[PDB]
Structures are given as structure tokens and as C-alpha cells.
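Read through the structure below, which is laid out as C-alpha cells, and then see the notes.
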Amino acid sequence: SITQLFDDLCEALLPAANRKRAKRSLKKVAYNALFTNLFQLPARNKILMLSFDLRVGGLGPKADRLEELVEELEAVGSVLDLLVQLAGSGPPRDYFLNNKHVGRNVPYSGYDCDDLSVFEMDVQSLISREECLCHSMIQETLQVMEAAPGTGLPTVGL
Amino acid sequence: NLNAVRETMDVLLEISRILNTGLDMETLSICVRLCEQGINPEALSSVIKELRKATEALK
Amino acid sequence: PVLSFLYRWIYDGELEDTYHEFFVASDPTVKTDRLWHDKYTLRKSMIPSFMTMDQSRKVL
Amino acid sequence: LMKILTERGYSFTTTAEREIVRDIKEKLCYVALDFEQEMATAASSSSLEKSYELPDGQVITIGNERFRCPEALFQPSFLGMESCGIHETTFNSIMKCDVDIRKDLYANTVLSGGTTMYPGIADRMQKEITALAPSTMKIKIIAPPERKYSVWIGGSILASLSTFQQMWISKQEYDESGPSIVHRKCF
Amino acid sequence: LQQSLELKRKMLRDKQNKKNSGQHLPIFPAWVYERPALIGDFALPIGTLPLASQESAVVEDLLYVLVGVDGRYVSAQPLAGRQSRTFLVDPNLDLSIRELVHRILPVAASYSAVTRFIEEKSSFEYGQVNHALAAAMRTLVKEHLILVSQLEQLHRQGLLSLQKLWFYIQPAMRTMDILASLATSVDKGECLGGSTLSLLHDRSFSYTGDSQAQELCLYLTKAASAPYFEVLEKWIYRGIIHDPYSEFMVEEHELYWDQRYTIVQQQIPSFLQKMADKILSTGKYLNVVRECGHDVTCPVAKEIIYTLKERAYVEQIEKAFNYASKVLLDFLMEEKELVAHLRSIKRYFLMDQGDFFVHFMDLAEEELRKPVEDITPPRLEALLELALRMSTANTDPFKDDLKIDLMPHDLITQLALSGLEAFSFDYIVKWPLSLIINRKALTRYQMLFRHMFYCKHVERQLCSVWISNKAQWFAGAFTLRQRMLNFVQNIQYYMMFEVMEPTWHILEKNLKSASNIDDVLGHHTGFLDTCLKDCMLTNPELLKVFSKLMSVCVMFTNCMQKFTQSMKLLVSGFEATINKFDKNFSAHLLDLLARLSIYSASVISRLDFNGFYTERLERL
């Protein structure tokens with residue numbers, strides 16, 4: 001039932017540490033924020049507006065995949081309308097990308113070399129993450145060494 | 001029926017991963033069971049954002 | 001430290017100390033309704049001066 | 001349940017037996033999709049009775065009579081009630097509201113009743129709510145199988161809230177403007 | 001240190017034999033501890049410098065001494081046998097700074113004996129509770145290293161001196177000093193299982209007013225409870241464990257009701273002592289149903305964590321008790337019934353059947369009369385099998401359990417023999433009910449059954465001489481037999497309608513009010529013992545008057561009378577024996593009533609029904 005499903009939702013989003021009075025109080029905001037919208041044009045078309053924004057900034061086959069599933073999801077319509085609202089409130093290679101040295105019955109295409117510049121950015125993004133790691137190892141310890149004892153030790157905080 | 005609603009849960013799984021939502025697997029299974037009742041889906045987006053803000057203030 | 005035992009003495013009737021630093025003492029009894037008449041008397045070297053004698057007897 | 005059992009011919013006169021059937025009607029009771037189909041199913045073969053074994057030795061329950069006690073929700077005159085049934089009263093209520101606010105009220109229609117200790121009442125209720133409004137829009141009903149304490153859980157959240165203090169009335173205004181303003185300030 | 005090697009040899013050798021969940025466990029890599037390269041804790045003159053320069057050299061070397069390594073102006077002297085290693089700062093230093101140094105060196109001494117703890121106690125031999133105990137002390141080392149790094153950053157910029165240093169390191173002389181106290185007592189002696197968790201439970205009320213160290217001690221014992229509760233989360237929901245390190249309160253074996261699971265008493269922590277019996281109970285009741293298969297899953301499942309002043313881990317044991325001891329009870333009473341098996345033992349041994357036994361007495365009389373080395377057990381089995389089939393006592397499915405068994409006693413083993421007085425049954429029992437009702441219960445049943453057999457026997461023997469006499473003029477024996485007959489029937493009314501039949505009703509009402517097998521076995525052993533004590537078996541003197549009574553009654557009915565030697569169809573020599581037997585009978589009857597009088601009433605009050613021999617003589 002619904003009065004339990006607000007208690008289960010509040011459990012998954014919060015790992016246990018209190019957790020004896022606070023769980024009852026976070027179920028209170030579970031009732032209290034559900035009605036703020038309720039106080040104050042197809043459904044599958046709301047997926048297509050996102051599939052447009054995929055193909056605009058590249059990756060066609062992904063946009064073909066989002067529309068492939070929702071068309072077999074028509075044969076449940078109230079479910080997808082929740083997913084489209086939480087889609088901008090979430091978190092912020094391989095041998096096969098631009099290959100032509102493989103394949104059997106491939107038509108002629110000639111040289112392209114304007115996506116070869118987007119063959120170096122697939123790898124530049126990987127190695128720029130593996131340097132920001134080294135930028136997040138020298139910071140997380142110098143932010144503790146520079147400050148007085150109490151910032152990494154709870155006991156000198158007593 | 002449970003074979004049928006299993007396969008609908010699998011297809012709903014993939015569309016919620018490529019859209020990079022704030023949900024995970026278990027909270028997705030809760031919300032699909034919740035909207036199965038008839039609960040307004042514009043309403044569940046307003047509760048989850050505020051519940052996740054009030055839980056983050058404890059941490 | 002002394003107050004910690006005293007707020008389990010009026011909410012659980014027990015002390016939990018081992019160095020005997022409060023006036024309440026527990027004397028072994030036959031446990032046949034002479035507990036009331038034999039067990040609890042004050043140790044008159046361990047009463048704090050922040051507790052008056054009326055308070056010391058009422059918590060007992 | 002006293003009435004139909006004593007009309008049936010079974011000896012039932014005492015208050016302790018009434019306490020035991022009140023307990024069994026609230027907790028153990030079977031309800032199904034409809035009373036006619038389960039009546040035919042029980043008449044063709046009897047296995048609907050689950051035994052109740054108390055140490056006192058009083059065994060009173062029978063399966064077929066306990067689902068036909070709340071039957072007044074679909075056809076009310078099985079109880080001998082001249083008041084219209086549950087489906088008919090909610091249909092009568094939504095017709096005498098406005099036709100413009102009808103869909104919005106029908107977007108949240110609510111189930112209640114302490115009889116939700118046994119779940120299964122909601123499925124038949126969902127069938128009757130499908131039958132209730134004409135085929136114009138789909139059903140949007142809130143129907144959880146725990147609603148016995150619904151009136152309680154409402155007040156427990158409502159009176160706690162700090163914003164609700166601006167609707168709550170104190171003694172100062174109450175002495176300044178008489179008692180009758182508790183109809184208006186608080187409502 | 002040498003001791004560790006011995007502690008690792010004694011442990012593993014102790015582990016393998018103790019339980020069967022895996023034997024001959026591997027020996028941990030010893031070369032790790034042998035090489036001194038894995039041990040944590042370990043220039044210019046200090047004399048010729050001005051006083052402030054001495055202060056600046058000394059705070060520099062003390063910052064290095066905070067962990068175990070000597071810097072420049074400090075050296076390491078031997079560790080010799082001391083359990084808290086001090087350091088030897090560079091000689092020729094002034095006596096002013098020596099005092100400040102000796103204020104600070106106990107902190108490094110309370111770190112030297114924590115690294116020597118952790119970097120030894122992680123092996124397989126030390127169990128798997130010493131692992132997580134030393135990984136809640138391993139976190140503590142990491143915050144100590146945070147401390148020494150922050151101080152190095154301050155020290156380079158001239159922002160560290162002796163007083164600031166002493167101010168910074170004092171909360172860790174009450175959070176690392178605590179570990180330097182527990183370490184030199186956990187290592188000393190053999191400390192496994194719950195005893196370590198109790199040694200972290202007695203130090204939460206030796207600093208309960210201090211309030212800085214109590215929460216540290218509560219964290220330490222919430223992490224040493226983590227591996228123990230993993231094993232308990234096998235034992236509480238199913239009857240088995242597989243923890244081949246004997247670090248548990250329960251010790252498995254390879255043997256069921258008391259044999260396979262034997263408790264070790266120094267492996268139960270102080271917050272599990274009160275509920276130890278329930279833990280053992282739950283696991284045993286689960287495993288014996290796991291042997292008939294059928295179901296072992298518990299509906300409630302909860303993950304377990306320690307709480308001081310709360311129950312969430314000494315609470316779930318009750319909900320496992322109320323599932324395990326109820327599913328075993330349900331399995332027993334409704335599948336291969338113990339409600340019906342006890343009734344079918346009562347049916348024969350406690351003489352519920354009367355069709356069966358009067359048919360049995362007549363059909364088997366001849367062989368019973370035959371003494372030993374003339375008795376024939378297969379003919380007795382065949383006679384029993386016919387007597388069951390002709391009578392209606394065949395209403396129970398366990399009738400076949402009756403066999404022929406011989407007793408080489410005439411209840412003289414109560415603290416060869418003729419066929420009447422060696423007769424016995426052996427009733428076979430099934431395996432699930434064998435754990436509950438054992439050999440002692442059957443033997444006590446059997447002695448009761450033998451006792452009532454004599455009374456039914458001598459009753460038949462009186463009725464035979466009674467029918468043969470009915471001469472007509474003769475009525476001499478007709479009076480003595482009548483006295484004896486009324487007596488031997490009033491004993492069989494008193495025993496049957498006082499000792500046995502109401503107390504059996506009491507027993508079946510008590511069994512309905514019992515939810516654990518210990519309760520139902522207590523009820524049954526009480527009923528069995530008390531009914532035995534009321535009859536003439538289990539007594540401090542055995543009350544031998546009854547044993548002489550049966551002998552003189554059988555001697556009267558056939559072995560002197562010979563059915564009044566066919567004068568019913570000698571010279572009054574047998575009438576004198578009738579007189580003699582009556583006087584002897586009066587004596588025996590008075591003695592039995594007197595012994596009932598002196599030891600702690602209803603049989604006297606009704607044998608003497610209208611004052612019929614309430615007075616015949618007085619003792620002394």
C-alpha cells in the first residue's frame with residue numbers, strides 16, 4: 001500500500017547511520033511535498049521532444065533506441081511521464097568507432113576527415129579524466145594538511 | 001501475468017538509464033508500482049526532489 | 001559523572017558504577033519482602049552538597 | 001451476521017459469540033470479485049470454510065455467509081437497507097457535483113473503511129468504479145490495501161505542521177470575538 | 001616477540017579437531033611477520049646550541065617520534081621487554097627540555113604498542129573476530145597519520161612549538177592510550193569470541209562519566225560484533241553453521257538433541273549471556289526439522305547491529321524462538337503424530353484396552369504359566385498377532401510396534417524368572433520422536449505396566465478357584481477369598497481412577513499449553529514419575545507387603561487348594577490352612593494401611609468403608 005511505499009522510498013535514498021525519529025519525519029515531507037503540485041497533447045510525444053535533442057547534438061542510433069522502446073511500450077503510459085521530469089535532475093574506448101578497415105559489403109564513401117577531429121576527442125576525454133584524478137588526489141589531502149587538526153579526525157573535535 | 005510485467009520492467013529499465021535519471025533500480029520498482037495505482041506522475045516528481053533535499057541536509 | 005547514575009536511579013532504580021562514588025548502596029537481602037526494610041540506606045560520606053537531604057531521601 | 005445466521009437456523013444468541021463473529025468479520029473474512037459468481041462456486045462444491053480453532057472450543061464461522069454480509073455495497077436490499085448502495089451513492093454524489101469539477105474530483109476518488117484488514121475488497125471496488133462513470137476517461141482511483149486508520153494518519157500529520165499554526169485558533173482571539181468564530185477561522 | 005608464534009600454533013591445532021566444517025585449515029604466511037621490514041614502529045650535536053635552538057631541534061624530532069621512527073635529534077634505545085616503548089633523545093641535551101620531552105614521550109609509547117598489536121593479529125589462526133577488532137583499530141591509526149601530517153605542514157612554517165604540540169596531541173592520549181591498554185590484555189592469554197567483546201563492554205562503564213572514551217569503546221564493540229553476527233545470521237535462521245574457526249558460542253560436532261551442538265562459555269559476550277539458552281534452542285529445533293527436510297526458512301529476517309540500552313539483537317531471538325520451536329512442534333504433532341503415539345503407548349502400557357487384555361490373558365495363559373527355558377517367544381508373538389486380529393483394539397496405526405521382550409527381573413531391579421514374571425513388551429519408536437522420549441521414559445512406563453499386570457493376573461487366578469467351588473455344604477474358603485477379592489479390586493479401583501486417568505487428562509491439557517519441546521518433556525516426565533511414585537515401585541523401601549500379598553494369594557488359589565481337591569463334585573487339614581491364611585492376611589492388610597498412614601488416605605478411608613476394620617489391634 002501507499003503509506004508503506006513512502007517509508008520504503010525514504011529508506012533507499014538514505015543509508016542508515018538517529019534513524020528512529022527522523023524516518024517518521026521524512027515520511028511527513030513525503031506526504032507534504034506530494035500535494036504542492038496537486039494544489040496548483042500526447043504522452044509519447046514527450047519522448048520525441050527529447051529524441052529531437054539527441055539528434056541535434058549528434059548520436060542518431062541512441063535516438064533510434066529511445067524511440068524503439070516507447071513504441072513497443074504502447075502495447076504504463078503514466079509511468080514514462082515521471083521519468084521525463086527527473087531527467088535533468090540526475091547526476092552530471094572500443095575498437096569500433098569510425099572504422100572502415102573492417103566490413104564486407106561496404107559502399108564507396110571516400111575521405112571524410114572532418115570527424116577525424118572527433119576521433120581525437122573520444123580519447124582526449126578519457127585521458128583528461130585520468131589527469132583530474134591526479135588533480136583530486138593532491139587536493140583532498142592538502143585541504144586537510146593545511147588546516148588545523150580537527151578536520152579529518154573526529155576525536156580532536158572533542 | 002508476472003512474466004508480462006517482468007518484461008515491461010526490463011524495457012522501463014533501459015529508458016531510465018540512458019536518460020541518466022536520479023533514480024536507481026529499487027526506487028524505480030517502487031515508482032512503477034506506485035503509478036500502477038493511479039497516482040499522478042507530475043506529483044511524484046515534486047515529492048522526490050524535495051525528499052532528496054531534506055535527506056541531504058542531514059548528511 | 002555522578003548525575004549520570006542518578007538519572008538511571010530514578011528512571012531504572014539502578015546505578016551502574018564500580019568505584020562506588022555515590023551515596024546509594026545495595027545490601028544483600030533474603031529477597032522475601034525484606035527488600036523494602038533492609039536493602040537501601042544512604043552512605044553518609046558520598047552525598048553531594050548540591051543535593052539537599054530531602055532530595056537525597058526522595059531519590060532513595 | 002447475527003441476523004442472517006439466526007435466520008438460517010443456527011443457534012446464536014449470546015454476546016461472547018457476537019464478540020467472536022465481530023472479530024472474524026473484521027479480520028478473517030473472505031470477500032471476492034462478486035457475490036453471484038462465488039455463490040455459484042460455493043454451491044457447486046464447498047471448500048470456502050477455513051476453520052477457526054479457539055481453545056475455548058467455540059467454532060463459529062462459515063465461508064459463504066461472511067462475504068454476503070457487506071453485499072449491501074453493490075445491491076443494498078440484501079441487508080434490507082433502503083439507503084442506496086456504495087457504488088450508487090458515490091455515483092449519486094458525483095452527479096450532484098458540477099460537471100466541470102467532476103473529472104477533477106474523479107481524478108482522486110478515495111476508498112476507506114476498517115474492513116481493509118483483509119485485502120481483496122479493493123479489487124471489486126475497482127471493478128465498480130470502472131462501471132461507475134461513463135466510458136469517457138479511464139479510472140483514476142487511490143486504492144491502497146491499508147486504509148483502516150486513514151482518518152488517524154491524516155490528523156497525525158495535519159496537527160504536527162508549523163504552517164498549520166496559521167489556521168489553528170488560540171484562546172486570545174476566541175475571547176475577543178466569541179466562540180462562534182471557531183466555525184470560520186478553523187474549518 | 002616470540003609469544004605470537006606459540007599463540008598461532010595452539011590456536012590452529014585447537015581449531016581443527018573441535019568442529020567439522022572444514023579441517024586442516026591453511027597456515028597463514030609466516031614470512032610476513034618474520035621479516036622486520038613489515039613492522040611499523042621504530043647528525044648534529046644537541047649540546048652546543050643556544051636554548052631556543054635546542055627547543056627548535058627538539059620539537060622537530062618529537063614530530064617524527066609521534067609515529068615510530070627516529071628523526072635526527074632522537075635515537076631508538078632497546079624495546080627490551082617493556083610493553084610501551086619510550087625513546088632516547090640524543091644525549092647532551094639540557095635538563096630543562098628533558099622534562100618537556102618526558103611529558104610527550106608517553107604518547108609515542110602509547111602508539112608503539114598499538115602498531116605491534118595490529119601487525120600481528122590478522123592471521124587465520126587468530127580467528128575471524130580478531131580481524132574486525134583490529135580493523136576498528138586500523139581506522140584509528142589512519143586518523144593518527146592525518147594528525148602527524150597536519151603538524152608537519154604547520155612545522156615547516158614555524159607554527160609548531162612544544163605547547164601547541166602538547167595541546168594538539170592530548171585528545172589522542174585518550175583515544176590511542178585506550179588502545180595501548182586493551183592491547184596488552186587482549187594479547188595476553190587466549191582471548192577469542194565473546195570475551196573480547198566483554199572486555200570492550202566493561203570499559204564502557206569505567207569511562208561512563210569521562211564521556212570521551214565511552215563512545216570510542218562503543219564503536220570498537222560495534223565492529224567486533226560485525227563478524228560474530230554474520231555467523232549468528234546462519235545459526236539463528238537455519239540449524240547449521242559453517243564457521244570453521246570455533247570463535248562462536250555454539251560448537252558444532254559430527255554427531256543431536258545435546259550431542260552435536262555444545263556451548264563454549266567463554267565465547268558468549270556479556271550482552272548475550274541472558275539469552276544464550278534461547279540461541280542454542282532455536283538452532284537445535286531448526287536442524288532436526290532440516291533433517292526431515294520440509295521447511296527451514298523463517299519469515300522474519302533482520303540485519304543485526306549492537307545497541308547499548310536498546311534491544312534489536314536480543315529481541316529477534318524471541319521471534320526466532322517463536323518460529324523454530326513452533327514449526328518443530330507443528331511438524332511433530334501433525335506429521336507422524338506425537339499426540340497419537342503417546343496415546344497408543346498409553347493404550348497398552350497404561351491399560352486403556354480391556355477387550356484386548358481379557359482376550360490376551362485367556363489366549364496366552366498356557367505359555368505364561370510355563371517357566372523360563374520352556375517359554376517360546378515366537379509362539380508368543382503369533383498368539384499376540386492373533387489376539388490383536390480377533391479383538392477390536394486395532395484402531396491405531398502403531399499396533400505393530402508391540403513385540404516380545406523378556407525381563408530378567410521380577411521388578412527386583414527397582415530402586416530364572418517364570419513366564420508370568422518375565423513377561424514384557426518392547427514398543428519400537430520412530431526416529432523424530434526418539435529425541436524427545438528416550439530410553440529412561442520407556443523403562444519407567446515398562447515398570448508401571450509390569451506392576452498392573454500382577455493385579456490382573458491374581459484376579460484371574462481367584463476367579464478360577466471361585467467357579468470350581470460353585471462344594472455346596474463347603475463355605476470355609478468362600479469367606480477368606482471374599483475378603484481378598486474385595487481388597488484386590490479396591491486397589492484396582494484406586495490406582496485406575498485416582499493415579500492414572502485424571503492425571504492423563506491433566507497431561508493432555510498441559511500439552512496444549514506448551515509451545516516449546518522443553519515444556520512438553522517436563523510435563524511428561526513429571527506425569528510419568530509421579531504416577532510411578534504413587535504405585536509400589538519407586539519407594540525408599542519398595543513397600544514389600546504387596547510382593548508378599550501376591551505370593552500368598554497365588555499360593556491360596558491353586559498351590560494349596562488344588563480346587564478343594566475335587567470335593568466340589570482334606571480331612572479338614574486344609575481348613576486350618578484357610579484359618580492360617582486369613583490371620584496372615586489380616587496382618588498384611590494392617591501393615592499396608594499403617595505404612596500409608598505414617599508417610600504423608602483415600603484407600604484406607606474406603607477399604608474401611610463403614611469402619612470395617614478401622615480397629616483390629618494397635619501397634620506397640
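Going by the C-alpha cells order, chains are called A, B, ..., each with residues numbered from 1, while ligands are numbered from 1 in the order shown.
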Within 7 Å of chain D: residues of chain B, using only C-alpha atoms, as JSON, numbers by chain: {"B": [37, 38, 39]}
Can you write out the residues you just picked, keeping N, CA and C atoms, as a CSV table (one decimal), in the first residue's frame?
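Wrote out_18.csv, looks like this:
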chain,number,residue,atom,x,y,z
B,37,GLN,N,-1.1,2.3,-9.3
B,37,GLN,CA,-2.3,2.6,-8.6
B,37,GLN,C,-3.2,3.6,-9.3
B,38,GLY,N,-2.6,4.7,-9.9
B,38,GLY,CA,-3.3,5.8,-10.4
B,38,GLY,C,-2.8,7.1,-9.9
B,39,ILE,N,-1.7,7.1,-9.2
B,39,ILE,CA,-1.1,8.3,-8.7
B,39,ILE,C,-0.5,9.2,-9.8
Name the residues of chain C that come out as alpha helix (DSSP H) in a backbone DSSP run; write them as a PDB file with C-alpha atoms, in the first residue's frame.
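The resulting file, states_12.pdb, is reproduced below:
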ATOM      1  CA  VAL C   2      27.586  11.375  39.370  1.00  0.00           C
ATOM      2  CA  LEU C   3      24.438  12.730  37.695  1.00  0.00           C
ATOM      3  CA  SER C   4      24.540  10.023  35.002  1.00  0.00           C
ATOM      4  CA  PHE C   5      23.917   7.308  37.614  1.00  0.00           C
ATOM      5  CA  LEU C   6      21.300   9.416  39.410  1.00  0.00           C
ATOM      6  CA  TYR C   7      19.197   9.732  36.246  1.00  0.00           C
ATOM      7  CA  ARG C   8      19.178   5.955  35.870  1.00  0.00           C
ATOM      8  CA  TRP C   9      18.373   5.601  39.576  1.00  0.00           C
ATOM      9  CA  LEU C  35      13.989  -5.671  50.409  1.00  0.00           C
ATOM     10  CA  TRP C  36      11.921  -2.628  51.405  1.00  0.00           C
ATOM     11  CA  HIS C  37      13.020  -2.837  55.043  1.00  0.00           C
ATOM     12  CA  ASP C  38      16.721  -3.790  54.704  1.00  0.00           C
ATOM     13  CA  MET C  53      18.881  15.892  52.361  1.00  0.00           C
ATOM     14  CA  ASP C  54      15.185  15.872  51.400  1.00  0.00           C
ATOM     15  CA  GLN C  55      16.190  15.313  47.763  1.00  0.00           C
ATOM     16  CA  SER C  56      18.683  12.627  48.790  1.00  0.00           C
ATOM     17  CA  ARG C  57      15.960  10.727  50.663  1.00  0.00           C
ATOM     18  CA  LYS C  58      13.309  11.129  47.930  1.00  0.00           C
ATOM     19  CA  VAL C  59      15.540   9.657  45.202  1.00  0.00           C
TER      20      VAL C  59
END
Neighbour list for range 110-127 of chain A as an MDAnalysis selection string, cut-off 12 Å, only C-alpha atoms, skip fewer than 5 positions in-chain: chainID A and resid 58 93:100 132:134
Please produce an output containing N, CA, C and O atoms for each residue in the selection, written as a short mmCIF file (atom, residue, chain, number, x, y, z; two decimals), in the first residue's frame.
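out.cif, written as the output of this step:
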data_model
loop_
_atom_site.label_atom_id
_atom_site.label_comp_id
_atom_site.auth_asym_id
_atom_site.auth_seq_id
_atom_site.Cartn_x
_atom_site.Cartn_y
_atom_site.Cartn_z
N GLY A 58 24.21 15.26 -32.14
CA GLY A 58 24.85 14.01 -32.51
C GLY A 58 24.37 12.80 -31.72
O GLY A 58 23.74 12.99 -30.68
N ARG A 93 37.98 3.41 -24.63
CA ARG A 93 37.01 3.30 -25.72
C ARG A 93 36.93 1.86 -26.23
O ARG A 93 37.19 0.91 -25.50
N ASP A 94 36.55 1.71 -27.50
CA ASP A 94 36.44 0.41 -28.13
C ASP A 94 37.12 0.46 -29.49
O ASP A 94 37.49 1.53 -29.98
N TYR A 95 37.29 -0.72 -30.09
CA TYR A 95 37.86 -0.82 -31.43
C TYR A 95 36.94 -0.24 -32.49
O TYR A 95 37.42 0.14 -33.57
N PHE A 96 35.64 -0.18 -32.23
CA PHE A 96 34.66 0.24 -33.23
C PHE A 96 34.20 1.66 -32.96
O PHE A 96 33.34 1.87 -32.10
N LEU A 97 34.76 2.65 -33.65
CA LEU A 97 34.00 3.89 -33.79
C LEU A 97 33.85 4.45 -35.21
O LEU A 97 32.75 4.49 -35.75
N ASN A 98 34.96 4.86 -35.84
CA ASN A 98 34.93 5.45 -37.17
C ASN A 98 35.55 4.54 -38.19
O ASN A 98 36.08 5.01 -39.21
N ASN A 99 35.49 3.24 -37.94
CA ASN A 99 36.29 2.27 -38.66
C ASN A 99 35.78 2.08 -40.09
O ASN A 99 34.59 2.20 -40.37
N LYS A 100 36.72 1.84 -41.00
CA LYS A 100 36.41 1.35 -42.33
C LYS A 100 37.38 0.22 -42.71
O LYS A 100 37.20 -0.43 -43.74
N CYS A 132 42.49 14.46 -14.06
CA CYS A 132 41.77 15.14 -13.00
C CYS A 132 41.68 14.26 -11.76
O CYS A 132 41.39 14.76 -10.66
N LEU A 133 41.88 12.95 -11.92
CA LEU A 133 42.08 12.06 -10.77
C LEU A 133 43.31 12.49 -9.99
O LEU A 133 43.21 12.78 -8.79
N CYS A 134 44.45 12.62 -10.68
CA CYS A 134 45.69 13.14 -10.10
C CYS A 134 45.54 14.56 -9.58
O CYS A 134 46.31 14.97 -8.70
#
Starting from chain A, keep only residues with some atom at most 12 Å from an atom of chain E, counting only C-alpha atoms, and report them as a PDB file with N, CA and C atoms, in the first residue's frame.
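part07.pdb, freshly written:
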ATOM      1  N   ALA A  16      21.529   4.015   6.345  1.00  0.00           N
ATOM      2  CA  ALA A  16      21.429   4.122   7.791  1.00  0.00           C
ATOM      3  C   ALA A  16      22.742   4.607   8.395  1.00  0.00           C
ATOM      4  N   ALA A  17      22.627   5.400   9.455  1.00  0.00           N
ATOM      5  CA  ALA A  17      23.793   5.987  10.104  1.00  0.00           C
ATOM      6  C   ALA A  17      24.348   5.058  11.175  1.00  0.00           C
ATOM      7  N   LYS A  20      15.608   6.774  13.959  1.00  0.00           N
ATOM      8  CA  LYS A  20      14.473   6.247  14.711  1.00  0.00           C
ATOM      9  C   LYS A  20      13.314   7.228  14.788  1.00  0.00           C
ATOM     10  N   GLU A 140      42.670  16.609  -2.122  1.00  0.00           N
ATOM     11  CA  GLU A 140      41.897  16.100  -0.983  1.00  0.00           C
ATOM     12  C   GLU A 140      42.732  15.884   0.273  1.00  0.00           C
ATOM     13  N   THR A 141      44.054  15.843   0.139  1.00  0.00           N
ATOM     14  CA  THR A 141      44.962  15.710   1.259  1.00  0.00           C
ATOM     15  C   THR A 141      45.601  17.036   1.648  1.00  0.00           C
ATOM     16  N   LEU A 142      45.887  17.910   0.680  1.00  0.00           N
ATOM     17  CA  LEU A 142      46.363  19.244   1.019  1.00  0.00           C
ATOM     18  C   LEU A 142      45.261  20.128   1.586  1.00  0.00           C
ATOM     19  N   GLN A 143      43.989  19.797   1.344  1.00  0.00           N
ATOM     20  CA  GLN A 143      42.922  20.513   2.038  1.00  0.00           C
ATOM     21  C   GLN A 143      42.789  20.086   3.491  1.00  0.00           C
ATOM     22  N   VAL A 144      43.442  19.001   3.892  1.00  0.00           N
ATOM     23  CA  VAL A 144      43.433  18.554   5.275  1.00  0.00           C
ATOM     24  C   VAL A 144      44.729  18.921   5.984  1.00  0.00           C
ATOM     25  N   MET A 145      45.860  18.816   5.273  1.00  0.00           N
ATOM     26  CA  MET A 145      47.164  19.136   5.851  1.00  0.00           C
ATOM     27  C   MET A 145      47.299  20.614   6.187  1.00  0.00           C
ATOM     28  N   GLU A 146      46.745  21.488   5.345  1.00  0.00           N
ATOM     29  CA  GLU A 146      46.860  22.926   5.560  1.00  0.00           C
ATOM     30  C   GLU A 146      46.036  23.378   6.760  1.00  0.00           C
ATOM     31  N   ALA A 147      44.876  22.763   6.972  1.00  0.00           N
ATOM     32  CA  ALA A 147      44.003  23.149   8.069  1.00  0.00           C
ATOM     33  C   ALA A 147      44.409  22.443   9.357  1.00  0.00           C
ATOM     34  N   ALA A 148      44.073  23.076  10.486  1.00  0.00           N
ATOM     35  CA  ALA A 148      44.336  22.642  11.855  1.00  0.00           C
ATOM     36  C   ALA A 148      43.768  21.253  12.131  1.00  0.00           C
ATOM     37  N   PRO A 149      44.350  20.489  13.094  1.00  0.00           N
ATOM     38  CA  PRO A 149      43.770  19.189  13.472  1.00  0.00           C
ATOM     39  C   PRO A 149      42.338  19.292  13.979  1.00  0.00           C
ATOM     40  N   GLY A 150      41.445  18.503  13.380  1.00  0.00           N
ATOM     41  CA  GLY A 150      40.023  18.581  13.663  1.00  0.00           C
ATOM     42  C   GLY A 150      39.160  18.366  12.437  1.00  0.00           C
ATOM     43  N   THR A 151      39.805  18.401  11.277  1.00  0.00           N
ATOM     44  CA  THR A 151      39.111  18.350  10.004  1.00  0.00           C
ATOM     45  C   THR A 151      39.098  16.962   9.385  1.00  0.00           C
ATOM     46  N   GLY A 152      39.958  16.065   9.853  1.00  0.00           N
ATOM     47  CA  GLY A 152      39.933  14.689   9.407  1.00  0.00           C
ATOM     48  C   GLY A 152      39.843  13.723  10.568  1.00  0.00           C
ATOM     49  N   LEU A 153      39.977  14.259  11.776  1.00  0.00           N
ATOM     50  CA  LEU A 153      39.920  13.466  12.997  1.00  0.00           C
ATOM     51  C   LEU A 153      38.736  13.930  13.830  1.00  0.00           C
ATOM     52  N   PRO A 154      37.767  13.063  14.132  1.00  0.00           N
ATOM     53  CA  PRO A 154      36.654  13.485  14.992  1.00  0.00           C
ATOM     54  C   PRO A 154      37.032  13.637  16.451  1.00  0.00           C
ATOM     55  N   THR A 155      38.147  13.046  16.883  1.00  0.00           N
ATOM     56  CA  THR A 155      38.444  12.977  18.307  1.00  0.00           C
ATOM     57  C   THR A 155      39.005  14.292  18.828  1.00  0.00           C
ATOM     58  N   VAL A 156      39.879  14.937  18.051  1.00  0.00           N
ATOM     59  CA  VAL A 156      40.321  16.281  18.400  1.00  0.00           C
ATOM     60  C   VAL A 156      39.191  17.289  18.218  1.00  0.00           C
ATOM     61  N   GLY A 157      38.101  16.912  17.527  1.00  0.00           N
ATOM     62  CA  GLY A 157      36.824  17.588  17.602  1.00  0.00           C
ATOM     63  C   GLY A 157      36.051  17.368  18.885  1.00  0.00           C
ATOM     64  N   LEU A 158      36.623  16.663  19.860  1.00  0.00           N
ATOM     65  CA  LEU A 158      36.066  16.581  21.206  1.00  0.00           C
ATOM     66  C   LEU A 158      37.064  17.173  22.198  1.00  0.00           C
TER      67      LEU A 158
END
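Every residue of chain B that lies within 7 Å of chain A is listed here, counting only C-alpha atoms: residues 11, 15, 16, 19, 20, 21, 22, 27, 30, 32, 35, 41, 42, 43, 44, 45, 46, 47, 50, 51 and 55 of chain B.
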Could you list, as a PDB file with N, CA, C and O atoms, in the first residue's frame, every residue of chain D that has an atom within 12 Å of an atom of chain E, counting only C-alpha atoms?
ATOM      1  N   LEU D  54     -10.294 -21.905  18.471  1.00  0.00           N
ATOM      2  CA  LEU D  54     -10.006 -21.305  19.765  1.00  0.00           C
ATOM      3  C   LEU D  54     -10.001 -22.374  20.850  1.00  0.00           C
ATOM      4  O   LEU D  54     -10.707 -23.382  20.755  1.00  0.00           O
ATOM      5  N   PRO D  55      -9.186 -22.135  21.884  1.00  0.00           N
ATOM      6  CA  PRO D  55      -9.012 -23.097  22.972  1.00  0.00           C
ATOM      7  C   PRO D  55     -10.281 -23.264  23.793  1.00  0.00           C
ATOM      8  O   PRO D  55     -10.485 -24.312  24.419  1.00  0.00           O
ATOM      9  N   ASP D  56     -11.126 -22.229  23.814  1.00  0.00           N
ATOM     10  CA  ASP D  56     -12.455 -22.318  24.409  1.00  0.00           C
ATOM     11  C   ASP D  56     -13.292 -23.393  23.723  1.00  0.00           C
ATOM     12  O   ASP D  56     -14.089 -24.085  24.369  1.00  0.00           O
TER      13      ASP D  56
END
With only C-alpha atoms as the counted atoms, please give the residues lying no more than 7 Å from residue 48 in chain D, apart from itself and same-chain residues fewer than 4 positions off, as an MDAnalysis selection string. chainID D and resid 42 63:64
Would you write out those residues with C-alpha atoms, as an mmCIF file, in the first residue's frame?
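File produced: selection-v9.cif:
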data_model
loop_
_atom_site.group_PDB
_atom_site.id
_atom_site.type_symbol
_atom_site.label_atom_id
_atom_site.label_comp_id
_atom_site.auth_asym_id
_atom_site.auth_seq_id
_atom_site.Cartn_x
_atom_site.Cartn_y
_atom_site.Cartn_z
ATOM 1 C CA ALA D 42 -19.657 -22.410 -3.327
ATOM 2 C CA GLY D 63 -17.364 -19.023 4.342
ATOM 3 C CA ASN D 64 -20.418 -18.301 2.217
#
Which is closest to chain D among A:24, A:104, A:46, A:19, if we use only C-alpha atoms?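 Once distances to chain D are computed over only C-alpha atoms, the minimum belongs to A:24.
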Can you tell me which residues surround residue 87 in chain D at a distance of at most 8 Å, considering only C-alpha atoms, apart from same-chain residues fewer than 3 positions away, and format the answer as a PyMOL selection string? chain D and resi 73-74+90-91+128-129+132
Can you pull out every residue from chain D that DSSP, working from the backbone, puts in strand (DSSP E or B), and format the result as an MDAnalysis selection string? chainID D and resid 109:110 135 137 141:142
